[PDB]
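> structure of the sequence below:
(chains A and B, ligands or ions: 1)
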Amino acid sequence: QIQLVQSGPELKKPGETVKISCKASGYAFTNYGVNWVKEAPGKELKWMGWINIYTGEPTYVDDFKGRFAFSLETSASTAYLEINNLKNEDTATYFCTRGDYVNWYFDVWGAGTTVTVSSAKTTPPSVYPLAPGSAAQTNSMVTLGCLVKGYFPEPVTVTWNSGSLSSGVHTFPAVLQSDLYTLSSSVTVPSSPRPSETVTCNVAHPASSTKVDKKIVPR
Amino acid sequence: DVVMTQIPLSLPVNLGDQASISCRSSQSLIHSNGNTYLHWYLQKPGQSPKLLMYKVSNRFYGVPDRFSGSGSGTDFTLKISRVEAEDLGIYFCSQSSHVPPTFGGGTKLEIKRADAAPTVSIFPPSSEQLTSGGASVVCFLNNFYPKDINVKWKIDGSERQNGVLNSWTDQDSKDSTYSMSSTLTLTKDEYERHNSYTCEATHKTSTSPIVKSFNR
Ligand SMILES: C[C@]12CCC(=O)C[C@H]1CC[C@@H]1[C@@H]2CC[C@]2(C)C(=O)CC[C@@H]12
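Numbers count the residues shown, from 1 in each chain, chains lettered A, B, ... in the order given. Coordinates below:
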C-alpha cells in the first residue's frame, strides 16, 4: 500500500520552527522526487519546491528562500520540510508528493500537515442562547441558536439535545474575530411544541475541558 | 509564472448529466521535447489531491472510461460522461511544462437543484452577553440556492460596515442548499444607542430583498 505518511497537526506561536516528516514506504525512494505543495486557505496550492533524492539538492521556489529548509534521511526513507521562524501568514496544510521523472506529475500524495500559527492562549467559549425576541413569522417552524464566542484553539463541538435534534441543525464554520474563534449553530424545530419541549445546545471544547449546556428558553 | 485559469468555480450538475470542466494556460504548454504536461487532479473533502489524467488525454490508473481530456497549446477540457455521486469534488489543473509547476483555482462539482429562498431569522444580544459589555446581533440566513447572497446590516439609516463576520456551510448533503450566518458585533454601549437592526438579505429570488428587523 504505497504511501507517503506525514506527521501530525502542529500549533506554534510566531517565531518557533516546525519539522514535518514525510516517510515513503513501498517504493524505491530514489527513483522519484519529493515535492512539497502548500495549500493556503482560499489561496492557490503553491508548489514550494522539490528535493532530488539521488544527488540530495533542493530546488527552492524563489518565493520560499531563507526560512524554508528541505532535508532527508534515505536509510530512514524520510523527507523533511522545516519552516524556521514561523509567522502567521504560513498557516497552511503542507503536502509532500512523489513526482515521476518521466511524465512529470505528482502521483502519490501525502495525507497533509496543518500548521496553525497564533500567539493565542487557550480560551474557554462563551456560549450565548439566541432565541426569538418575540418573533413570530417563521411558518410553524422556529429557529433557536447558540453563539459560541471567543475560544482558542479549534475545535468545539455543538450538538442539540445531546445529539437528538440532528436534522434542523446547521453549525457554521469558525471564523476568528480578533485573535480568537467565534462560531454559531441553529436548529429549526416544528413550533407545535416549543417552548413546551426543551431545546438545549451542548458545546464541548476539548482544549480547555469545558462542556457547557444552555437551555434555549423563550426568554 | 504560467497562471492556470479554470472557469467556472461552481458547476451545478444533475447526476446523470455530462459535465465538462475547462482550464486555460497563460503560456503554451508545448515543451521543447514535443509534449504537453497538463495534468488534472480530484480533491474530495478534507483530502489529498489525486492524479486523474497525465499529459492532456491519458487516464491514470483507476480513473474510469467515463473521463476525457483534450485541448492544445493554451486550452484544455476535462469531460465526465455520466457524472455520478463519486466524482463530486474540486477539479484542479496543473502544468509541469514550465518551471515551477503551477495549479489552477479549481472548479467544484456541485449538485444542481431548485432555487430556494433564505429562511432569514434575526436575534438580539442576550442578557448574558450584555452583562459582559459586548453585544453581538445575529442573523441566520438559511436554506437557500444558489450560493450568492448579500448581507446588508443597516442599524437605522446608517448601515454598518466595519464589524461583520459572515460564514457559510458547504452544500448541505441532505436536500442540497446552503446556509449562512451573518453576526454583527458591538460593544454593549454602541448597541444601546440605536433602536433598529435589520438584516437586509439580497438573494436573486425575492425582489423585495428580504428584510428582518427588531427594534431594541
Ligand atoms: C518539471 C521540473 C520542474 C523544475 C526543475 O528544476 C526540473 C523539472 C524537471 C524534473 C521535474 C521537475 C518538477 C518536479 C518533478 C516532477 C519531480 O519531483 C520528479 C521529476 C521533476
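
> for residue 1, list the residues it contacts.
In the absence of a named chain, chain A is used. Neighbouring residues of residue A:1 by Cβ atoms under 8 Å, 6 or more residues apart in numbering or on different chains: residue A:26. Just so you know, the C-beta spots here come from the backbone N, C-alpha and C atoms, and that holds for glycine as well.

> think we crossed wires, I meant chain B
B:98, B:99, B:100, B:102.

> longest helix in chain B, by residue count?
Taking DSSP state H as the criterion, chain B has its longest helix at helix B:127-132.

> show me how far stretch B:87-95 is from its chain's centre.
14 Å (Cα atoms, centre = their mean, to the nearest Å).

> also stretch A:128-137?
The chain centroid and the centroid of stretch A:128-137 are separated by 32 Å under Cα atoms, centre = their mean.

> picking that back up, wait, which of the contacts of residue B:1 is closest to the ligand?
Taking Cβ to the nearest ligand atom as the measure, the ligand sits nearest to residue B:99 out of those, at 4.1 Å.

> neighbours around residue 173, how many?
No chain specified, so I'll use chain A. Neighbour count of residue A:173, defined by other Cβ atoms under 10 Å in any protein chain shown: 13.

> my bad, the chain I had in mind was chain B
By other Cβ under 10 Å, 7 other residues sit near residue B:173.

> may I ask which helix or strand encompasses it?
Using DSSP states H and E, residue B:173 falls within no helix or strand.

> which residues does it contact?
Here residue B:173 is in contact with no residue (Cβ under 8 Å, 6+ apart).

> now swap in residue B:107 and tell me
Residue B:107 is in contact with B:6, B:7, B:8, B:9, B:10, B:11, B:21, B:90, B:91, counting by Cβ under 8 Å, 6+ apart.

> just flag the most distant two among the residues you listed.
Across the contacts of residue B:107, the longest distance by Cβ to Cβ is 13.6 Å; it joins B:7 and B:90.

> looking at the contacts of residue B:1, which one is closest to residue A:195?
When the contacts of residue B:1 are compared against residue A:195 (criterion: Cβ to Cβ), the nearest one is residue B:102, at 56.4 Å.

> hey, where'd the helices end up in chain B?
Using DSSP H, helices in chain B cover B:127-132, B:188-191.

> in TSV, list these along with mean neighbour count.
Shown next, in TSV, are the helices of chain B (neighbours: other Cβ atoms under 10 Å in any protein chain shown):
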stretch	mean neighbour count
helix B:127-132	13
helix B:188-191	14
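
> so for chain A, which of the ones you listed sits nearest?
Nearest of the helices of chain B to chain A, taken as Cβ to the nearest Cβ: helix B:127-132 at 5.0 Å.

> could you say what helices and strands the closest one packs with?
Judged by 3 or more Cβ pairs under 8 Å, 6 or more residues apart in numbering or on different chains; DSSP states H and E, the packing partners of helix B:127-132 are strand A:126-130, helix B:188-191.

> for residue B:181, which of those is the nearest?
Nearest to residue B:181 among the helices and strands packed on helix B:127-132 is strand A:126-130 (10.1 Å), distances taken as Cβ to Cβ.

> which is the next helix or strand following that closest one?
Once the chain leaves strand A:126-130, the next helix or strand it forms, by DSSP H and E, is strand A:141-151.

> sheet partners, orientation included, of the helix or strand following that next one?
Remark: after strand A:141-151, the chain's next helix or strand is strand A:157-160, criterion DSSP H and E. Using DSSP bridges, strand A:157-160 pairs in its sheet with strand A:200-205 (antiparallel).

> the strand it pairs with to strand A:126-130, inter-axis angle?
Counting by axes from the mean of the first three to the mean of the last three Cα atoms, to 10 degrees, strand A:200-205 lies at 160 degrees to strand A:126-130.

> ok, residue B:7 and residue B:90, which is more surrounded?
A count of neighbours by other Cβ under 10 Å puts residue B:90 above the other of residue B:7 and residue B:90, at 18 against 12.

> returning to that earlier point: quick one: buried ones out of the contacts of residue B:107?
Burial of the contacts of residue B:107 was assessed by neighbour count (16 or more other Cβ atoms under 10 Å in any protein chain shown); the buried members are B:6, B:11, B:21, B:90, B:91.

> can you put the residues you listed in JSON lines and add distance to residue B:115?
Listed next are the buried ones among the contacts of residue B:107 as JSON lines, based on distance: Cβ to Cβ, whole Å:
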{"residue": "B:6", "distance to residue B:115": "25"}
{"residue": "B:11", "distance to residue B:115": "17"}
{"residue": "B:21", "distance to residue B:115": "24"}
{"residue": "B:90", "distance to residue B:115": "24"}
{"residue": "B:91", "distance to residue B:115": "25"}
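
> of the residues you listed, closest to residue A:36?
residue B:90 (20.0 Å).

> so what touches stretch B:15-33?
The contact list for stretch B:15-33 (Cβ under 8 Å, 6+ apart) reads B:2-7, B:11, B:13, B:36-38, B:40, B:72-85, B:91, B:93, B:95, B:97-98, B:104, B:107, B:109, B:111-112.

> now do the buried residues in it.
In stretch B:15-33, counting by 16+ other Cβ under 10 Å, buried: B:19, B:21, B:22, B:23, B:24, B:25, B:29.

> pull the CA atoms of that stretch into CSV?
Provided in CSV are the C-alpha atoms of stretch B:15-33 (Å, rounded to 0.1, in the frame of the first residue of the first chain):
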residue,chain,number,x,y,z
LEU,B,15,-26.1,13.3,-11.6
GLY,B,16,-26.6,11.7,-15.0
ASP,B,17,-25.5,14.8,-16.9
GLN,B,18,-22.4,15.2,-19.0
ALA,B,19,-20.0,17.7,-17.4
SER,B,20,-17.1,19.5,-18.8
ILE,B,21,-14.7,21.3,-16.7
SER,B,22,-12.3,23.6,-18.6
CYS,B,23,-8.9,25.2,-17.9
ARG,B,24,-6.6,27.8,-19.7
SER,B,25,-2.9,28.4,-19.5
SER,B,26,-1.0,31.7,-19.8
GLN,B,27,1.8,30.4,-21.9
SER,B,28,2.0,27.4,-24.2
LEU,B,29,2.3,24.0,-22.6
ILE,B,30,4.0,22.5,-25.5
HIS,B,31,7.5,21.7,-24.3
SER,B,32,10.7,21.7,-26.4
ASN,B,33,10.6,17.9,-26.3
